[PDB]
Structure formats: C-alpha cells, structure tokens
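*Asks:* This is work.tsv (TSV, C-alpha atoms and all ligand atoms).
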```tsv
chain	number	residue	atom	x	y	z
R	3	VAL	CA	0.00	0.00	0.00
R	4	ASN	CA	1.21	3.50	-0.92
R	5	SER	CA	-0.13	7.06	-0.72
R	6	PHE	CA	-0.88	7.59	-4.42
R	7	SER	CA	-4.56	8.50	-4.85
R	8	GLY	CA	-7.06	8.88	-7.69
R	9	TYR	CA	-5.13	6.86	-10.29
R	10	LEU	CA	-6.69	4.66	-12.93
R	11	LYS	CA	-5.10	1.18	-13.04
R	12	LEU	CA	-3.97	0.27	-16.56
R	13	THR	CA	-2.07	-2.97	-15.86
R	14	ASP	CA	-0.66	-4.93	-12.94
R	15	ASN	CA	1.98	-2.22	-12.41
R	16	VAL	CA	1.08	0.93	-14.40
R	17	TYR	CA	-1.30	3.61	-13.10
R	18	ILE	CA	-2.30	6.93	-14.69
R	19	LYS	CA	-3.86	10.24	-13.60
R	20	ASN	CA	-4.53	13.75	-14.94
R	21	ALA	CA	-2.23	15.73	-12.66
R	22	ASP	CA	0.49	18.36	-12.42
R	23	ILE	CA	3.57	16.32	-11.50
R	24	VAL	CA	4.92	19.22	-9.42
R	25	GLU	CA	1.78	19.35	-7.27
R	26	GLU	CA	1.63	15.54	-7.09
R	27	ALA	CA	5.23	15.33	-5.89
R	28	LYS	CA	4.70	18.03	-3.26
R	29	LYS	CA	1.65	16.14	-1.95
R	30	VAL	CA	3.01	12.59	-2.03
R	31	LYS	CA	6.74	13.21	-1.47
R	32	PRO	CA	7.51	9.96	-3.31
R	33	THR	CA	10.76	8.08	-2.99
R	34	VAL	CA	11.46	8.77	-6.69
R	35	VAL	CA	10.15	11.45	-9.03
R	36	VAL	CA	11.23	11.12	-12.67
R	37	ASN	CA	12.38	14.20	-14.57
R	38	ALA	CA	12.05	14.50	-18.35
R	39	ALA	CA	15.70	15.51	-18.65
R	40	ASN	CA	18.07	16.34	-21.49
R	41	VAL	CA	21.68	15.15	-21.68
R	42	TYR	CA	22.96	18.51	-20.34
R	43	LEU	CA	20.53	18.55	-17.40
R	44	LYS	CA	19.45	22.02	-18.53
R	45	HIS	CA	15.98	22.25	-16.98
R	46	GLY	CA	14.43	24.99	-19.07
R	47	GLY	CA	10.89	23.97	-19.97
R	48	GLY	CA	8.31	21.23	-19.93
R	49	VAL	CA	8.38	18.98	-16.89
R	50	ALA	CA	12.04	19.74	-16.19
R	51	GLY	CA	11.56	23.50	-16.09
R	52	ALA	CA	8.54	23.07	-13.81
R	53	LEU	CA	10.28	20.69	-11.38
R	54	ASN	CA	13.35	22.90	-11.24
R	55	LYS	CA	11.26	26.03	-10.60
R	56	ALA	CA	9.55	24.24	-7.71
R	57	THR	CA	13.00	23.60	-6.15
R	58	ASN	CA	13.87	27.32	-6.36
R	59	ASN	CA	16.64	26.41	-8.89
R	60	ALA	CA	18.40	24.03	-6.47
R	61	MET	CA	17.88	21.20	-8.98
R	62	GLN	CA	19.73	23.21	-11.64
R	63	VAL	CA	22.61	24.08	-9.28
R	64	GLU	CA	23.06	20.42	-8.35
R	65	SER	CA	22.76	19.39	-12.00
R	66	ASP	CA	25.42	21.85	-13.16
R	67	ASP	CA	27.87	20.34	-10.66
R	68	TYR	CA	26.93	16.83	-11.85
R	69	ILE	CA	27.66	17.74	-15.49
R	70	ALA	CA	30.90	19.54	-14.64
R	71	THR	CA	32.13	16.34	-12.97
R	72	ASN	CA	30.66	13.63	-15.22
R	73	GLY	CA	29.84	15.15	-18.60
R	74	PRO	CA	26.53	14.76	-20.41
R	75	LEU	CA	24.18	11.84	-20.10
R	76	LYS	CA	23.38	9.55	-23.03
R	77	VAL	CA	20.05	9.70	-24.82
R	78	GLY	CA	18.22	6.79	-23.23
R	79	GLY	CA	20.28	7.14	-20.04
R	80	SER	CA	19.69	8.47	-16.56
R	81	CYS	CA	21.20	9.60	-13.30
R	82	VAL	CA	19.93	9.71	-9.72
R	83	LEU	CA	20.17	13.08	-7.97
R	84	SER	CA	18.42	14.69	-5.02
R	85	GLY	CA	14.66	15.12	-5.02
R	86	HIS	CA	15.07	18.37	-3.05
R	87	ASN	CA	11.71	19.45	-1.56
R	88	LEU	CA	9.72	17.26	-3.99
R	89	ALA	CA	10.86	13.67	-3.37
R	90	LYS	CA	13.68	11.72	-1.78
R	91	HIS	CA	15.39	11.25	-5.16
R	92	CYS	CA	14.98	12.55	-8.69
R	93	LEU	CA	15.68	10.09	-11.50
R	94	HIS	CA	16.67	12.28	-14.46
R	95	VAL	CA	15.82	10.24	-17.57
R	96	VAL	CA	16.64	11.31	-21.13
R	97	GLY	CA	14.06	10.22	-23.66
R	98	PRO	CA	14.69	11.01	-27.32
R	99	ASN	CA	13.63	14.49	-28.43
R	100	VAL	CA	11.96	14.16	-31.83
R	101	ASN	CA	12.34	17.91	-32.33
R	102	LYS	CA	16.13	17.23	-32.32
R	103	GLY	CA	16.02	14.26	-34.72
R	104	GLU	CA	16.74	11.62	-32.08
R	105	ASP	CA	15.88	7.95	-32.59
R	106	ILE	CA	12.45	7.12	-31.18
R	107	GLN	CA	13.68	3.54	-30.72
R	108	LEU	CA	15.70	4.91	-27.80
R	109	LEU	CA	12.41	5.38	-25.92
R	110	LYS	CA	12.44	1.77	-24.72
R	111	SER	CA	15.99	2.15	-23.39
R	112	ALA	CA	14.86	5.31	-21.57
R	113	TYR	CA	12.00	3.50	-19.82
R	114	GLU	CA	14.29	0.61	-18.79
R	115	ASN	CA	15.87	2.97	-16.24
R	116	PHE	CA	12.59	2.87	-14.29
R	117	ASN	CA	13.12	-0.84	-13.52
R	118	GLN	CA	15.93	0.06	-11.12
R	119	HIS	CA	13.33	1.57	-8.74
R	120	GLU	CA	10.44	-0.15	-6.98
R	121	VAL	CA	8.00	2.80	-7.13
R	122	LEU	CA	8.09	6.01	-9.20
R	123	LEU	CA	6.03	9.12	-9.93
R	124	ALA	CA	6.70	9.94	-13.57
R	125	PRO	CA	5.70	11.74	-16.77
R	126	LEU	CA	5.34	10.10	-20.15
R	127	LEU	CA	8.85	10.12	-21.62
R	128	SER	CA	9.42	11.94	-24.91
R	129	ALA	CA	5.90	13.47	-24.76
R	130	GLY	CA	5.08	17.17	-24.66
R	131	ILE	CA	7.86	19.39	-25.97
R	132	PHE	CA	10.02	16.31	-26.73
R	133	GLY	CA	7.71	15.79	-29.70
R	134	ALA	CA	6.78	12.10	-29.60
R	135	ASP	CA	3.30	10.56	-29.75
R	136	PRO	CA	2.11	10.22	-26.12
R	137	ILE	CA	-0.06	7.21	-26.99
R	138	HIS	CA	3.11	5.50	-28.20
R	139	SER	CA	5.02	6.58	-25.10
R	140	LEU	CA	2.34	5.04	-22.88
R	141	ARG	CA	2.49	1.78	-24.86
R	142	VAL	CA	6.28	1.59	-24.52
R	143	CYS	CA	5.97	2.34	-20.80
R	144	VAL	CA	3.47	-0.48	-20.23
R	145	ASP	CA	5.54	-2.91	-22.32
R	146	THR	CA	8.90	-2.01	-20.69
R	147	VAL	CA	8.45	-0.97	-17.06
R	148	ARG	CA	7.91	-3.85	-14.63
R	149	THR	CA	8.14	-1.85	-11.40
R	150	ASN	CA	5.24	0.22	-10.05
R	151	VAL	CA	4.85	3.45	-12.01
R	152	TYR	CA	2.37	6.27	-11.31
R	153	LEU	CA	2.06	8.39	-14.45
R	154	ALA	CA	1.01	12.04	-14.25
R	155	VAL	CA	-0.44	13.49	-17.47
R	156	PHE	CA	-0.77	17.28	-17.22
R	157	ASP	CA	-3.12	17.84	-20.16
R	158	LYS	CA	-6.64	16.74	-19.20
R	159	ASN	CA	-7.67	16.47	-22.85
R	160	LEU	CA	-4.64	14.29	-23.57
R	161	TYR	CA	-5.33	12.18	-20.48
R	162	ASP	CA	-8.85	11.41	-21.68
R	163	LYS	CA	-7.43	10.53	-25.09
R	164	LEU	CA	-4.84	8.23	-23.51
R	165	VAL	CA	-7.38	6.37	-21.36
R	166	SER	CA	-9.99	5.98	-24.09
R	167	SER	CA	-7.43	4.65	-26.58
R	168	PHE	CA	-5.58	2.33	-24.19
R	169	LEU	CA	-5.46	-1.28	-25.32
X	1	LIG	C1	-0.21	18.50	-24.13
X	1	LIG	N1	0.92	18.25	-23.23
X	1	LIG	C2	1.85	17.21	-23.32
X	1	LIG	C3	2.73	17.37	-22.25
X	1	LIG	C4	3.91	16.53	-21.89
X	1	LIG	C5	4.02	16.09	-20.40
X	1	LIG	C6	5.19	15.06	-20.30
X	1	LIG	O1	4.83	13.98	-21.10
X	1	LIG	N2	4.34	17.22	-19.51
X	1	LIG	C7	4.05	17.24	-18.16
X	1	LIG	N3	3.51	16.10	-17.63
X	1	LIG	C8	3.21	16.10	-16.29
X	1	LIG	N4	3.37	17.09	-15.40
X	1	LIG	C9	3.92	18.21	-15.97
X	1	LIG	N5	4.20	19.38	-15.29
X	1	LIG	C10	4.75	20.30	-16.20
X	1	LIG	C11	4.81	19.70	-17.44
X	1	LIG	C12	4.28	18.38	-17.33
X	1	LIG	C13	2.26	18.54	-21.56
X	1	LIG	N6	1.16	19.05	-22.17
X	2	CL	CL	6.37	19.09	-21.99
```
Could you render the structure from this file as structure tokens?

*Replies:*
Amino acid sequence: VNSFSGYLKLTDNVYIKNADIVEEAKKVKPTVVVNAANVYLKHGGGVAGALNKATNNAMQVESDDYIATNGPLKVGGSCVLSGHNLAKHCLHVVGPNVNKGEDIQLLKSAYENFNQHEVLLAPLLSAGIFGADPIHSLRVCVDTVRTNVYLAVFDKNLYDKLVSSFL
C-alpha cells in the first residue's frame, strides 16, 4: 500500500492520472520522481523547467555540478540526484527528443531505467515538448516498465485521449 490516490489502473503495475507532477510530488513526497531531462541537465521547460522552478533552482545548481564532474548523459540514459523538496530522489531520464532528430527507438531504453526503482512518480517520456506521440510513449511504458509506475499526465484532454485509446 502507498499514498498515491485517484489513479486509474492500466495494468498490474502501471497507473495513470490527470495531474500536475509538481503538485503531485509536493503532496506525495515519493521516494522517486522522474524528470524528463536532457543530456545537459538544462531544466528549461516542460516537466524539467517546472520541477526545477519548484526547487527554487536548487535542482539546476546540483545538475550543473553533476555535469561539470561527469559530462553529459546519453540519450536513453539516466542519473539519480536529489529530489530536493519534492521527493527523496529525482531520477533524471533522457528520452529522445523528436524535435532534435533523435531515434524514437531509444524510448524503450529510456524506460528501462525505471526498472531500477520499486515505485516512481513519472511523466510520459518523450511526450510534450520532446515531440513524440504520447499514446506511443504510454504503450512503450506499459511494455517495458515492470516496477510500479504512477504516471502524471498534465493535459486533461490528452489524459482522456490516452485512457480511451488504451489497449
Ligand atoms: C499536451 N501536453 C503534453 C505534455 C507533456 C508532459 C510530459 O509527457 N508534460 C508534463 N507532464 C506532467 N506534469 C507536468 N508538469 C509540467 C509539465 C508536465 C504537456 N502538455
Ligand atoms: Cl512538456
């Protein structure tokens, strides 16, 4: 039993809700919140910009030190950093950005990072400003993640489309 509330159950392990991931994280304080990161951990917009703003830029400060030490992530890769005031940990995961010409096949590799964590609050990878089809992202999530994932979909219209079309 966990403290996630109001989610629709899609499969044994995948749940979904129309919610602002920032507000969800502040309420639940999950062990792991997933960020829709880029390889530079530059948290400018989309989910990343919103999470970082909610940390008063502490996420960006920590991320800049991470990059200075380790260099950029790989597309499809991840790193674990602090969750600041939002969660215990933040799993920064880089899905392919279609608006940069990146290989959508890397979406499965991106979701595989979730399997290293028993429970996560997460967005749909590569959706939104990353330019991929969110229906596809949900399908890859369900077919790749085996741990317990609570998906927050900000756009209510998109949420209804995702539920109604789910196979
Ligand atoms: C129509 N539309 C698609 C998306 C993409 C989605 C991630 O896939 N973004 C977010 N998801 C959850 N919480 C969030 N907070 C801030 C952004 C955000 C947003 N709008
Ligand atoms: Cl977005």

*Asks:* Hey, which of R:123, R:77, R:109, R:23 ends up closest to ligand LIG 1 (chain X)? Count only C-alpha atoms and all ligand atoms.

*Replies:* R:23

*Asks:* Residues around (19.1, 20.5, -16.0), cut-off 10 Å, counting all atoms listed in the file - what are they as a PyMOL selection string?

*Replies:* chain R and resi 37-47+50-51+53-54+59+61-66+68-69+94

*Asks:* Save the residues we just selected, C-alpha atoms, as a compact mmCIF listing (two decimals), in the coordinates of the input?

*Replies:*
```
# COMPACT_ATOMS: atom_id res chain seq x y z
CA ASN R 37 12.38 14.20 -14.57
CA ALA R 38 12.05 14.50 -18.35
CA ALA R 39 15.70 15.51 -18.65
CA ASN R 40 18.07 16.34 -21.49
CA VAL R 41 21.68 15.15 -21.68
CA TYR R 42 22.96 18.51 -20.34
CA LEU R 43 20.53 18.55 -17.40
CA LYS R 44 19.45 22.02 -18.53
CA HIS R 45 15.98 22.25 -16.98
CA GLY R 46 14.43 24.99 -19.07
CA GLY R 47 10.89 23.97 -19.97
CA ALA R 50 12.04 19.74 -16.19
CA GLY R 51 11.56 23.50 -16.09
CA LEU R 53 10.28 20.69 -11.38
CA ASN R 54 13.35 22.90 -11.24
CA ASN R 59 16.64 26.41 -8.89
CA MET R 61 17.88 21.20 -8.98
CA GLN R 62 19.73 23.21 -11.64
CA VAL R 63 22.61 24.08 -9.28
CA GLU R 64 23.06 20.42 -8.35
CA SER R 65 22.76 19.39 -12.00
CA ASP R 66 25.42 21.85 -13.16
CA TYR R 68 26.93 16.83 -11.85
CA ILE R 69 27.66 17.74 -15.49
CA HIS R 94 16.67 12.28 -14.46
```

*Asks:* Can you work out which one of R:151, R:10, R:106, R:112 has the shortest atom-to-atom distance to residue 32 in chain R, counting only C-alpha atoms?

*Replies:*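 Closest candidate: R:151.
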
*Asks:* By how many Å are atom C7 of ligand LIG 1 (chain X) and CA of residue 71 in chain R apart?

*Replies:*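 It comes out at 28.6 Å.
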
*Asks:* Report, in Å to a single decimal, how far apart CA of residue 30 in chain R and CA of residue 8 in chain R are.

*Replies:*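 That distance, rounded to one decimal, is 12.1 Å.
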
*Asks:* Please identify the residues whose atoms come within 7 Å of ligand CL 2 (chain X), using all atoms listed in the file, and report them as a ChimeraX atom specification.

*Replies:* /R:47-49,129-132

*Asks:* So that I can check the surroundings of residue 122 in chain R, please list as a short mmCIF file (atom, residue, chain, number, x, y, z; two decimals) with C-alpha atoms, in the frame of the given file every protein, DNA and RNA residue that reaches within 8 Å of it, counting all atoms listed in the file and ignoring chain neighbours fewer than 6 positions away.

*Replies:*
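The resulting file, out26.cif, is reproduced below:
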```cif
data_model
loop_
_atom_site.label_atom_id
_atom_site.label_comp_id
_atom_site.auth_asym_id
_atom_site.auth_seq_id
_atom_site.Cartn_x
_atom_site.Cartn_y
_atom_site.Cartn_z
CA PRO R 32 7.51 9.96 -3.31
CA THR R 33 10.76 8.08 -2.99
CA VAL R 34 11.46 8.77 -6.69
CA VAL R 35 10.15 11.45 -9.03
CA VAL R 36 11.23 11.12 -12.67
CA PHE R 116 12.59 2.87 -14.29
CA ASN R 150 5.24 0.22 -10.05
CA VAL R 151 4.85 3.45 -12.01
CA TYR R 152 2.37 6.27 -11.31
#
```

*Asks:* Just give me the gap between atom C11 of ligand LIG 1 (chain X) and CA of residue 16 in chain R in Å, one decimal is fine.

*Replies:*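 Between atom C11 of ligand LIG 1 (chain X) and CA of residue 16 in chain R the gap works out to 19.4 Å.
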
*Asks:* Write as a PyMOL selection string the residues around ligand LIG 1 (chain X), taking 7 Å as the cut-off and counting all atoms listed in the file.

*Replies:* chain R and resi 21-24+48-49+52+125-131+136+154-157+160

*Asks:* Kindly indicate which residue among R:55, R:102, R:163, R:119 lies nearest to residue 137 in chain R, using all atoms listed in the file for the distances.

*Replies:*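 Of all the options, R:163 lies closest to residue 137 in chain R.
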
*Asks:* Can you pull out every residue within 9 Å of residue 144 in chain R, counting all atoms listed in the file, but drop anything in the same chain fewer than 6 positions away, and send it as a PyMOL selection string?

*Replies:* chain R and resi 12-13+15-16

*Asks:* Using all atoms listed in the file, which of R:149, R:118, R:5, R:107 sits nearest residue 134 in chain R?

*Replies:* R:107

*Asks:* Let me make sure I understand: among R:93, R:169, R:147, R:164, which one has the smallest atom-to-atom distance to residue 81 in chain R if we use all atoms listed in the file?

*Replies:*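 Counting all atoms listed in the file, the residue closest to residue 81 in chain R is R:93.
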
*Asks:* From the options R:115, R:159, R:58, R:7, which residue's atoms come nearest to residue 146 in chain R, counting all atoms listed in the file?

*Replies:*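 Closest to residue 146 in chain R, using all atoms listed in the file: R:115.
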
*Asks:* Please, which residues are within 6 Å of (20.1, 9.9, -21.7) by the file's coordinates, counting all atoms listed in the file, and could they come as number ranges by chain?

*Replies:* R: 41, 75-80, 95-96

*Asks:* Could I see range 21-41 of chain R restored to N, CA and C atoms, set down as a PDB file, in the frame of the given file?

*Replies:*
```pdb
ATOM      1  N   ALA R  21      -2.787  15.009 -13.795  1.00  0.00           N
ATOM      2  CA  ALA R  21      -2.230  15.730 -12.660  1.00  0.00           C
ATOM      3  C   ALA R  21      -1.002  16.511 -13.078  1.00  0.00           C
ATOM      4  N   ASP R  22      -0.750  17.589 -12.336  1.00  0.00           N
ATOM      5  CA  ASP R  22       0.490  18.360 -12.420  1.00  0.00           C
ATOM      6  C   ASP R  22       1.526  17.649 -11.561  1.00  0.00           C
ATOM      7  N   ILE R  23       2.580  17.132 -12.199  1.00  0.00           N
ATOM      8  CA  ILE R  23       3.570  16.320 -11.500  1.00  0.00           C
ATOM      9  C   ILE R  23       4.227  17.088 -10.360  1.00  0.00           C
ATOM     10  N   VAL R  24       4.365  18.409 -10.502  1.00  0.00           N
ATOM     11  CA  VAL R  24       4.920  19.220  -9.420  1.00  0.00           C
ATOM     12  C   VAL R  24       4.015  19.142  -8.192  1.00  0.00           C
ATOM     13  N   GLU R  25       2.717  19.379  -8.391  1.00  0.00           N
ATOM     14  CA  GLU R  25       1.780  19.350  -7.270  1.00  0.00           C
ATOM     15  C   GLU R  25       1.645  17.937  -6.709  1.00  0.00           C
ATOM     16  N   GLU R  26       1.670  16.921  -7.575  1.00  0.00           N
ATOM     17  CA  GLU R  26       1.630  15.540  -7.090  1.00  0.00           C
ATOM     18  C   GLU R  26       2.832  15.234  -6.212  1.00  0.00           C
ATOM     19  N   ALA R  27       4.029  15.607  -6.669  1.00  0.00           N
ATOM     20  CA  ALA R  27       5.230  15.330  -5.890  1.00  0.00           C
ATOM     21  C   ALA R  27       5.182  16.036  -4.540  1.00  0.00           C
ATOM     22  N   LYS R  28       4.767  17.305  -4.526  1.00  0.00           N
ATOM     23  CA  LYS R  28       4.700  18.030  -3.260  1.00  0.00           C
ATOM     24  C   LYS R  28       3.728  17.367  -2.295  1.00  0.00           C
ATOM     25  N   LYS R  29       2.632  16.805  -2.808  1.00  0.00           N
ATOM     26  CA  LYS R  29       1.650  16.140  -1.950  1.00  0.00           C
ATOM     27  C   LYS R  29       2.160  14.787  -1.468  1.00  0.00           C
ATOM     28  N   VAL R  30       2.647  13.955  -2.390  1.00  0.00           N
ATOM     29  CA  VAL R  30       3.010  12.590  -2.030  1.00  0.00           C
ATOM     30  C   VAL R  30       4.402  12.489  -1.408  1.00  0.00           C
ATOM     31  N   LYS R  31       5.334  13.340  -1.824  1.00  0.00           N
ATOM     32  CA  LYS R  31       6.740  13.210  -1.470  1.00  0.00           C
ATOM     33  C   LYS R  31       7.232  11.788  -1.744  1.00  0.00           C
ATOM     34  N   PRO R  32       7.155  11.340  -2.993  1.00  0.00           N
ATOM     35  CA  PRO R  32       7.510   9.960  -3.310  1.00  0.00           C
ATOM     36  C   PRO R  32       9.000   9.721  -3.121  1.00  0.00           C
ATOM     37  N   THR R  33       9.354   8.441  -3.034  1.00  0.00           N
ATOM     38  CA  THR R  33      10.760   8.080  -2.990  1.00  0.00           C
ATOM     39  C   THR R  33      11.492   8.545  -4.244  1.00  0.00           C
ATOM     40  N   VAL R  34      10.852   8.412  -5.407  1.00  0.00           N
ATOM     41  CA  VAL R  34      11.460   8.770  -6.690  1.00  0.00           C
ATOM     42  C   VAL R  34      10.451   9.544  -7.526  1.00  0.00           C
ATOM     43  N   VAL R  35      10.821  10.756  -7.937  1.00  0.00           N
ATOM     44  CA  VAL R  35      10.150  11.450  -9.030  1.00  0.00           C
ATOM     45  C   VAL R  35      11.067  11.417 -10.244  1.00  0.00           C
ATOM     46  N   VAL R  36      10.489  11.137 -11.409  1.00  0.00           N
ATOM     47  CA  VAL R  36      11.230  11.120 -12.670  1.00  0.00           C
ATOM     48  C   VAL R  36      11.148  12.498 -13.319  1.00  0.00           C
ATOM     49  N   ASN R  37      12.305  13.007 -13.736  1.00  0.00           N
ATOM     50  CA  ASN R  37      12.380  14.200 -14.570  1.00  0.00           C
ATOM     51  C   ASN R  37      12.577  13.813 -16.022  1.00  0.00           C
ATOM     52  N   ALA R  38      11.861  14.532 -16.896  1.00  0.00           N
ATOM     53  CA  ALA R  38      12.050  14.500 -18.350  1.00  0.00           C
ATOM     54  C   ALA R  38      13.257  15.372 -18.699  1.00  0.00           C
ATOM     55  N   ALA R  39      14.445  14.797 -18.543  1.00  0.00           N
ATOM     56  CA  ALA R  39      15.700  15.510 -18.650  1.00  0.00           C
ATOM     57  C   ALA R  39      16.226  15.522 -20.089  1.00  0.00           C
ATOM     58  N   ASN R  40      17.188  16.415 -20.333  1.00  0.00           N
ATOM     59  CA  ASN R  40      18.070  16.340 -21.490  1.00  0.00           C
ATOM     60  C   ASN R  40      19.484  15.994 -21.034  1.00  0.00           C
ATOM     61  N   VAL R  41      20.351  15.673 -22.001  1.00  0.00           N
ATOM     62  CA  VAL R  41      21.680  15.150 -21.680  1.00  0.00           C
ATOM     63  C   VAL R  41      22.533  16.152 -20.914  1.00  0.00           C
TER      64      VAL R  41
END
```
